[PDB]
Each structure stands twice: as structure tokens, then as C-alpha cells.
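Down below is the structure, laid out as C-alpha cells.
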Amino acid sequence: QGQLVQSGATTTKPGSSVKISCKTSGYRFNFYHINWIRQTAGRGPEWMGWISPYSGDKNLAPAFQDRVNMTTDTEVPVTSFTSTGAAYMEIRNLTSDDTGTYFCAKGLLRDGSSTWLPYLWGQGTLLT
Amino acid sequence: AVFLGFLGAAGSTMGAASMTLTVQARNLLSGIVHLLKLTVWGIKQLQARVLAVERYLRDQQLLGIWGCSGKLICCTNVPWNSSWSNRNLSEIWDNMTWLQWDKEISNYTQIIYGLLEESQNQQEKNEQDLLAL
Amino acid sequence: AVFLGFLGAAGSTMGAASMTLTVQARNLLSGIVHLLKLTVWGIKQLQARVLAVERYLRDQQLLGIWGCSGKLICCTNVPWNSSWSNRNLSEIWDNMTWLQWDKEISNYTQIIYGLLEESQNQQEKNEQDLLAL
Amino acid sequence: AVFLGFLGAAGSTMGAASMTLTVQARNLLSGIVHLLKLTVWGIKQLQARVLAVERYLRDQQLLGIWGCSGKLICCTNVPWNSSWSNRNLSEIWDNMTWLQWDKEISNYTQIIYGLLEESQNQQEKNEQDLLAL
Amino acid sequence: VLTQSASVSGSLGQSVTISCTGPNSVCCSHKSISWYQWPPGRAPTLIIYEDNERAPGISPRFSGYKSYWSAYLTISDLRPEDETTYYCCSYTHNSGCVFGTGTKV
Ligand SMILES: *[C@@H]1O[C@H](CO)[C@@H](O[C@@H]2O[C@H](CO)[C@@H](O[C@@H]3O[C@H](CO[C@H]4O[C@H](CO)[C@@H](O)[C@H](O[C@H]5O[C@H](CO)[C@@H](O)[C@H](O)[C@@H]5O)[C@@H]4O)[C@@H](O)[C@H](O[C@H]4O[C@H](CO)[C@@H](O)[C@H](O)[C@@H]4O)[C@@H]3O)[C@H](O)[C@H]2NC(C)=O)[C@H](O)[C@H]1NC(C)=O
Ligand SMILES: *[C@@H]1O[C@H](CO)[C@@H](O[C@@H]2O[C@H](CO)[C@@H](O[C@@H]3O[C@H](CO[C@H]4O[C@H](CO)[C@@H](O)[C@H](O[C@H]5O[C@H](CO)[C@@H](O)[C@H](O)[C@@H]5O)[C@@H]4O)[C@@H](O)[C@H](O[C@H]4O[C@H](CO)[C@@H](O)[C@H](O)[C@@H]4O)[C@@H]3O)[C@H](O)[C@H]2NC(C)=O)[C@H](O)[C@H]1NC(C)=O
Ligand SMILES: *[C@@H]1O[C@H](CO)[C@@H](O[C@@H]2O[C@H](CO)[C@@H](O[C@@H]3O[C@H](CO[C@H]4O[C@H](CO)[C@@H](O)[C@H](O[C@H]5O[C@H](CO)[C@@H](O)[C@H](O)[C@@H]5O)[C@@H]4O)[C@@H](O)[C@H](O[C@H]4O[C@H](CO)[C@@H](O)[C@H](O)[C@@H]4O)[C@@H]3O)[C@H](O)[C@H]2NC(C)=O)[C@H](O)[C@H]1NC(C)=O
Ligand SMILES: *[C@@H]1O[C@H](CO)[C@@H](O)[C@H](O)[C@H]1NC(C)=O
Ligand SMILES: *[C@@H]1O[C@H](CO)[C@@H](O)[C@H](O)[C@H]1NC(C)=O
Ligand SMILES: *[C@@H]1O[C@H](CO)[C@@H](O)[C@H](O)[C@H]1NC(C)=O
Ligand SMILES: *[C@@H]1O[C@H](CO)[C@@H](O)[C@H](O)[C@H]1NC(C)=O
Ligand SMILES: *[C@@H]1O[C@H](CO)[C@@H](O)[C@H](O)[C@H]1NC(C)=O
Ligand SMILES: *[C@@H]1O[C@H](CO)[C@@H](O)[C@H](O)[C@H]1NC(C)=O
Ligand SMILES: *[C@@H]1O[C@H](CO)[C@@H](O)[C@H](O)[C@H]1NC(C)=O
């Protein structure tokens, strides 16, 4: 299974800094990365970066190197294999050119060559 | 290196735990379990001793009637019926843990144990028919 | 197919019973034999448990000192002395049952168990002398 | 021939004793050790029975996690670190007895038991990677 | 920098052949290629990863192939729901997913 409910689709104006939430269920939140993907209207879809709900190790594209704060809090065990978690997304020197739909997607596998690959996506959120 | 210890990779992937099988193999019969006094602690310990050797040989007996005597990883000729689990390899050995894998394969575990049992009775009958020349 | 059950082919020919060996192999240690209370039924059951594992390993020990560890049908290098039984193959494997066969071969059963024992001590000494290069 | 008996070559050279291993192999579980009465001699015998099967399987377990299941003489891939004993072959197998050899190798006996344990976990992982084609 | 096909189409029953290539910066013999079915402004879907391994549940008509200079994605036996916009991606085990331009089918 797996679900990743995202935050609201509210809008602000340039210069600000917004927070996007992603709430997970039905899967062990710590066993897969959490990716942030952006589908702007005036650019091809961009991979922003992934983060580890277990190791805390984050990795973003150099286009977002010093402009994004990715944070996740610890999970809440529901069963032996089910937990609930959350992931957060931020932008610093923000303008109105960063407009589009934002998604959160968890990793594919736990090991191998396609560990972090965005496999399970959220419903997306509309921006400014 | 790593050496997670006894059952250390219980939360790891099935492929990673499949490299530390001797860790759990050697701890199936030793532990700490010299006269036999029949006290409340003595009858207790005597039971803990006999139970351990019983469950150890039941596994080694099944390992024998499948042609896997003294093996940690033996391969068979029984092919994987997809109705057991249609999951792919890369989403099992790099994804699932042995605990949840046993949770979903538990239904067909008695079916698989029969297919390996006669495949070994027929393989040793073929090996005799081949060395008859 | 057939599946005569545990000891089902006890009255069948030796060749037919030689195809249902796993049936009697798996029923040598399980059965029905969790605390150890020392009552009249408890001391009884405890004996039934220890006796079963003892006789099981005595067979597996002999199966080991002959090079047949984990085998239902192993072949040896000890040739058949006709003084044991001059009967032909087709009048044994398509004629006699394992019960009457054990009745007439019972005399030389201790002789055969020694020939296989040293043939295995010499085969593993030859295997070491061959891998020394 | 000779047939020195059980432990008969305890004072012989290691190479000579290495040809009478079945003599001590068969006397590790039989002996003389039918109801279970809990008397002073009965509780005694019951302990002597359970202890024998315990120590027998501990050896066979180590023999298993080294790939030597059912072997009197198996060879490994673990090479001899000279810091264990710098003695030469002709001054060991034609000179020392197994008792004094165990006296001087006793220190590193736990080190050697680990090298063989992972060499068997890696050999069976390589055998699986080779039959994957 | 990872250019896809401009566009293309077919008909019900036939097949498609999307493309995806680039320079030595993101392609191809030392990278893995993933293909995402992505309706415009909706929840995407992983179709193929590691230059031909389908995701759990992808139809066996979806297939991937990688040459030493370009990666392909065939879509055999077309069906109505195939009118989406597909994107390729080039990644390694410890990097990001450099997406592709786009292909309307
Ligand atoms: C418990 O459960 C968790 C979650 O499932 C397990 O954590 C996961 O472990 C697997 C296996 O190790 C990880 O997969 C690997 O991912 C790495 C990518 O990480 C690399 O990239 C980082 C950012 O680029 C980099 O900083 C790292 O470098 C060091 O820094 C971090 C800082 O925290 C440090 O913690 C690291 O240990 C590094 O020292 C890091 O290198 C990827 O490189 C791996 O691919 C290699 O290995 C595979 C085989 O394993 C091979 O096929 C490839 O070709 C390649 O050679 C591998 O994919 C995964 O990322 C972890 N996190 C998840 C899934 O969220 C944990 O292991 C479990 N523990 C137990 C005991 O069960
Ligand atoms: C208990 O003990 C009894 C007695 O010893 C065993 O019965 C014997 O079993 C063996 C093995 O099966 C029999 O040998 C076979 O004989 C058949 C010949 O019978 C065929 O011919 C009949 C008349 O022509 C025909 O009607 C039969 O067809 C059916 O009809 C009967 C009606 O009752 C039905 O019962 C049958 O079952 C048939 O369905 C029958 O076909 C012969 O064909 C066999 O040869 C084949 O198999 C051998 C290997 O087994 C092979 O080498 C050959 O090349 C060929 O392929 C085989 O010789 C014997 O006839 C039985 N009766 C005796 C000996 O009196 C019984 O099996 C034991 N049971 C147990 C559980 O131990
Ligand atoms: C207990 O411990 C003692 C002492 O260590 C052991 O005695 C030693 O045994 C070894 C192995 O058998 C002996 O080595 C052999 O030596 C012979 C040389 O002896 C020959 O020469 C004598 C004089 O020339 C000759 O008279 C002998 O012939 C008979 O006469 C004596 C009379 O007492 C009789 O007792 C003999 O038994 C003979 O029947 C004798 O032939 C040498 O020939 C041997 O070499 C052959 O064998 C080796 C392999 O074993 C092979 O490699 C060679 O190529 C060759 O084929 C062998 O070297 C040693 O001499 C004994 N004495 C010592 C060391 O002082 C005893 O065995 C131990 N017993 C137990 C139970 O542990
Ligand atoms: C992200 O926000 C948290 C909020 O307290 C802050 O502590 C952290 O330093 C921020 N990350 C970076 C890289 O500054
Ligand atoms: C799988 O098992 C079922 C019964 O459990 C059987 O009917 C079917 O033929 C098997 N299929 C394969 C491919 O083994
Ligand atoms: C196993 O059997 C139970 C019977 O209640 C069923 O609910 C469950 O889905 C089965 N699991 C599998 C994997 O077939
Ligand atoms: C058969 O055994 C006897 C002793 O039981 C022996 O004397 C004889 O040489 C043996 N013959 C064969 C052919 O093995
Ligand atoms: C076995 O020994 C007994 C001894 O009384 C003898 O009567 C019998 O004939 C012998 N059987 C065989 C098959 O040699
Ligand atoms: C021998 O063992 C020691 C440690 O006991 C180790 O440091 C050394 O490298 C080993 N040498 C060889 C040749 O195996
Ligand atoms: C074994 O260890 C003891 C420790 O007291 C030491 O005295 C002895 O020399 C050692 N033996 C060998 C062979 O290393």
C-alpha cells in the first residue's frame, strides 16, 4: 500500500518562504527515502532532492543547494511494519518564477541501485 | 566489518540477512542450557535441554529429506509457482525482511515442503539409475 | 497416485517400497511426543522423547560413517558376497518384501556394517591424497 | 592387521591415528547408556543419556557450519598461519601425538573455528552465484 | 540536456517508440534510465527503471531498451488511457534524477 497526503494549496508572493507537508501511512516511514519533485509550467519537471527518514542524510540538486531546507520527524509505530511519518519542504530566496505543482514521493527499494527512486507519489499541491 | 550479532539483521533486507546465516546457525543448540538433581530449577533445566535438541533435529531432518544436509544455502529443482508470491526478485531481496516474507508465504509453506520432499526421493532414484553402468 | 501411507508398502515388493522412503523417514522423530511436570504421565512422556532422539541419531551415525549422510539411497564400493544371499535381482526387487529380506539377511548384517565402515575411512583418505596436488 | 581398539592409537603418531578415526567415531553415542523410573540410579542414567546426545550434536553442528557434514577427514580453504605452529609436516604427522598437538594448538583453536565458519558461508554464496546461469 | 522525442502517436493495437538521449553528461552507458507516465498536473507513475525493469503492476506491453547512446521506451498494444505525457530520467545509485524534456503521446 502506501499513502502520502500533502498540505494545502495556498499561495503567497515573492520573497517569502513556505512549508510543504507530506504525511505517510501504510508503510514503514524509515525504510525509504522521501523525494521532492517540482512540475513548473515554464520548465521541464525538476528533481529537487531526497532525504532519509532513517539516516537523516539529505541530498539535493545543485540548483537548490543553498535554497531549500528538508526536514523529517521521527515515525510513530502503528504495527510491526506500519508507521506514520512526515516530511517538510522549504524555500529561501523565493520568487514568483518557482510556480507550479509540488509532489512528495518515497523511495523505491531499500537496497541496490534504485534505492531512493521516487516510486509512490502524493496528490500534489498548487503554489503561487 | 559489520557483524550485527545474533538476529542482528532481523530488520534488514532478505539479501543482506542471507549473508549472516552462521550467526543464527551456531546459536540453535549451545547457549548456557553437572549432576541432574530433580529440584524446581533442575527439572526446569532438564526440559530446556531436551526441547532444544528436539527442535534442532526436526529442522535438520527436513533439511535432509530435501538434499540440503549441512547446507545454509541449497538450491532445488522445485520451480516457483507464481501463486505463492508474484513479487519480483529486486522487490524481495532488496526490499522485504525475512519476518514479513514469512508472514505472507506462511500459507504455502506446507505445499513447498512436499514438492522438495519427492524431488529428493526422485533425484536419488535417478542417481542410482545412472551409476548402474 | 498411490500414497499407501506410513509403512503402507510393508507387504509390497522391495523395489516398490524403495520408492516411498520419505514416508517412513519423516515419521522417525515427530509424531505427537509445554512444561515438564514429573507426574506418572510426565516422566512417561519425557522418556518417550529422549528414546526417540537416541534411536534416530544412532541410525544417522551409521549413515555417516558410511558416507551416506542425508541420503535415502546411497551406493557403496562393498561388493555383494554371494554367501550373504545367492538370490538374483529380479527375484528380490520384484519378489521379496523388506520384512522377509531382513529375516534372511539378519545374520550377516553386522559383517556388512564393518565393510562399509572402513571403505569410507579409506575413501576419504584417498580423497585427501588426491587433493594434495 | 593392527586394530588397537578405542583410543588405541592415543600414544601413536598423528598420521597413524588419522587412519583409525571410525574407531572413536562410533563410540561417541552408543555404549550401554526400558522404563524411566526416577530412582537414584534412574535420574543418574537419564542424565548420562541426555549429556551424550548434547555433546555429540555440538561437534556435528561445528562440522556442519564448516562444510564437513558426515566427514572424518575434510579439507578446507583456510591456509595455515605459521604463528599457530611453525612445525614442519614430517615433524608433526610422523612425530607428535594428537594429545600433545592439542596441548600446543589449544590457544588458537577458537581463531581457527571462525575462519572455517565464514569460509563456508562465502563458499555456499559463491556456489549459488555460479548456478545462477 | 536529456532530449526526448518531439511527439508521436499511433492507433489502438499498434505500438509506440519514445526516445531519450543526451551528451556524456547524463547518458547513457554509465547511467540508469527510468520512465515515468505523468498526466499533466496529476499523480505520476513509475513505469520502468534500470533500463528495462518494470514496476510492480506495469503492463507487459511496456518495454525498455538502452543502446550505448540512447534509451527507448516501447508501448505495445495501445489503449485509451495512453494519452499522457511521458518523461525519461537518467540517474546513478548515489545521485539525483535528471529528468527528460517530454513526449506527448
Ligand atoms: C535499516 O533500514 C534502513 C532503511 O531501510 C537501512 O538504510 C538503507 O541502507 C541501504 C543499504 O546500505 C542504503 O542503500 C544504499 O544507498 C547508498 C546511497 O547513500 C550514499 O549517498 C549519500 C548521499 O549521496 C552519501 O552521503 C552516503 O555516504 C556516506 O554518508 C552517510 C551520512 O549519513 C553515511 O551514513 C553513509 O553510510 C555513507 O558512509 C552514501 O554513500 C548507495 O550508495 C548504495 O548503493 C551501493 O550499494 C548497493 C548494494 O548495497 C550496490 O548495489 C550499488 O551498486 C552501490 O554500490 C545503496 O543503494 C539506503 O540508502 C539506506 N537508507 C534508506 C533505504 O532510507 C539500513 O541499512 C537498515 N539497517 C539494518 C541494520 O537493517
Ligand atoms: C499385494 O500383493 C499382490 C500380490 O502379490 C500385488 O498384486 C500384484 O501387483 C503387481 C504389480 O502391480 C502385478 O504385476 C502387474 O501385472 C500386470 C498384469 O495385470 C494386467 O492384466 C490384467 C489381465 O490381463 C488386466 O485386466 C489388468 O488391467 C486392470 O484390471 C484389473 C482388474 O482387477 C485391475 O485390478 C488392474 O489394476 C488393472 O487396472 C492389468 O493391467 C502387468 O501389466 C504389470 O506389468 C507392467 O508393470 C511392470 C512394473 O510393475 C512393468 O515392468 C511391465 O513392463 C508392465 O509395464 C505387472 O506385471 C500383479 O499382477 C499383481 N497380482 C499378483 C502378483 O497376483 C499387490 O500389488 C500388492 N499390494 C501392495 C500394496 O503391496
Ligand atoms: C609406540 O612408540 C614407539 C616408539 O615411538 C613406536 O615404535 C616405533 O614405530 C615406528 C613405526 O612402526 C618405527 O618406525 C619404523 O622403523 C622401521 C625400522 O625397524 C626395522 O628394522 C629393524 C632393525 O633393522 C628390524 O629388525 C625390524 O624388523 C622386525 O624386527 C623387530 C624386532 O623387535 C620387530 O619388532 C619389528 O616389528 C619387525 O617386525 C624393523 O623392520 C622401518 O622399517 C619403518 O620404515 C617403513 O615404514 C615407514 C612408515 O611406517 C615407511 O615410510 C618407510 O618407507 C618404510 O616402509 C619405520 O620407519 C620405529 O622404529 C619404532 N621405534 C622407535 C621410534 O623407537 C610404536 O609404534 C608406538 N606404538 C603405538 C601403538 O603407538
Ligand atoms: C532547517 O530548519 C530547522 C528548524 O529549526 C533548523 O534547525 C535547521 O538548521 C534548518 N536547516 C539548515 C540547513 O539550516
Ligand atoms: C500452482 O499451484 C496450483 C495449486 O496450488 C496449481 O493448480 C497450478 O497448476 C500451479 N501452477 C504452476 C505454474 O506451478
Ligand atoms: C492465507 O490464508 C488466510 C485464511 O484466512 C487468508 O486470509 C490469507 O489471505 C492467506 N494469505 C495468502 C498470502 O494467501
Ligand atoms: C565371502 O565371505 C567369506 C567369509 O564370510 C570369505 O571367506 C569369502 O572369501 C568371501 N567371498 C567373497 C567373494 O567375497
Ligand atoms: C543364521 O544363524 C542361525 C543360527 O542358529 C541359523 O540357524 C540360520 O540358518 C542362519 N541364517 C542364515 C541365512 O545364514
Ligand atoms: C596470522 O595471524 C595474525 C593474527 O593472529 C595476523 O596478524 C597475521 O596477518 C596472520 N598471518 C598470516 C600469514 O596469515
Ligand atoms: C597460550 O597462552 C598462554 C597464556 O598464559 C601462554 O602461556 C602459552 O605460551 C600460549 N601457548 C601458545 C602455543 O601460544
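So you can find residues: chains in the C-alpha cells are A, B, ... in the order shown, residues in each start at 1, and ligands are numbered from 1 in order.
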
### Task
Please return, as JSON, numbers by chain, all residues of chain B lying within 7 Å of chain A when only C-alpha atoms are considered.
{"B": [91, 94, 95]}

### Message
Give me the residues near segment 57-64 of chain D as a VMD selection string, where near means some atom within 6 Å (using only C-alpha atoms) and where sequence neighbours in that chain fewer than 4 positions away do not count.
### Response
(chain B and resid 70) or (chain D and resid 68 to 69)

### Query
Quick one: which residues from chain B are at most 10 Å off chain E, using only C-alpha atoms, as number ranges by chain?
B: 86-88, 90-91

With N, CA, C and O atoms kept, could you save the residues just selected as an mmCIF file, in the first residue's frame?
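What ended up in out-v8.cif:
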data_model
loop_
_atom_site.group_PDB
_atom_site.id
_atom_site.type_symbol
_atom_site.label_atom_id
_atom_site.label_comp_id
_atom_site.auth_asym_id
_atom_site.auth_seq_id
_atom_site.Cartn_x
_atom_site.Cartn_y
_atom_site.Cartn_z
ATOM 1 N N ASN B 86 3.801 -13.295 -6.385
ATOM 2 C CA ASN B 86 4.137 -12.755 -7.696
ATOM 3 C C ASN B 86 5.145 -11.613 -7.620
ATOM 4 O O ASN B 86 5.406 -10.963 -8.639
ATOM 5 N N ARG B 87 5.718 -11.358 -6.447
ATOM 6 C CA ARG B 87 6.697 -10.292 -6.304
ATOM 7 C C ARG B 87 7.961 -10.610 -7.095
ATOM 8 O O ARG B 87 8.324 -11.772 -7.295
ATOM 9 N N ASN B 88 8.632 -9.555 -7.549
ATOM 10 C CA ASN B 88 9.864 -9.703 -8.306
ATOM 11 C C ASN B 88 11.052 -9.848 -7.355
ATOM 12 O O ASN B 88 10.958 -9.587 -6.153
ATOM 13 N N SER B 90 14.037 -8.161 -7.293
ATOM 14 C CA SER B 90 14.590 -6.905 -6.799
ATOM 15 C C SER B 90 13.682 -6.232 -5.777
ATOM 16 O O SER B 90 14.153 -5.383 -5.013
ATOM 17 N N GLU B 91 12.398 -6.586 -5.743
ATOM 18 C CA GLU B 91 11.482 -6.085 -4.729
ATOM 19 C C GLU B 91 11.287 -7.075 -3.585
ATOM 20 O O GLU B 91 10.360 -6.914 -2.786
#

### Task
Pick out the chain D residues within 12 Å of chain B. Count only C-alpha atoms. Give them as number ranges by chain.
D: 38-71, 113-132

Can you write out as CSV which residues of chain B fall within 9 Å of ligand 5, alongside each residue's closest atom pair and its distance in Å to one decimal, counting only C-alpha atoms and all ligand atoms and ordering rows by chain and ascending residue number?
residue,atom,partner,partner_atom_place_in_ligand_line,distance
B:79,CA,ligand 5,14 (O),7.3
B:80,CA,ligand 5,14 (O),6.9
B:81,CA,ligand 5,14 (O),4.2
B:82,CA,ligand 5,13 (C),6.5
B:83,CA,ligand 5,1 (C),5.8
B:84,CA,ligand 5,1 (C),7.7
B:108,CA,ligand 5,5 (O),8.2
B:111,CA,ligand 5,5 (O),7.9
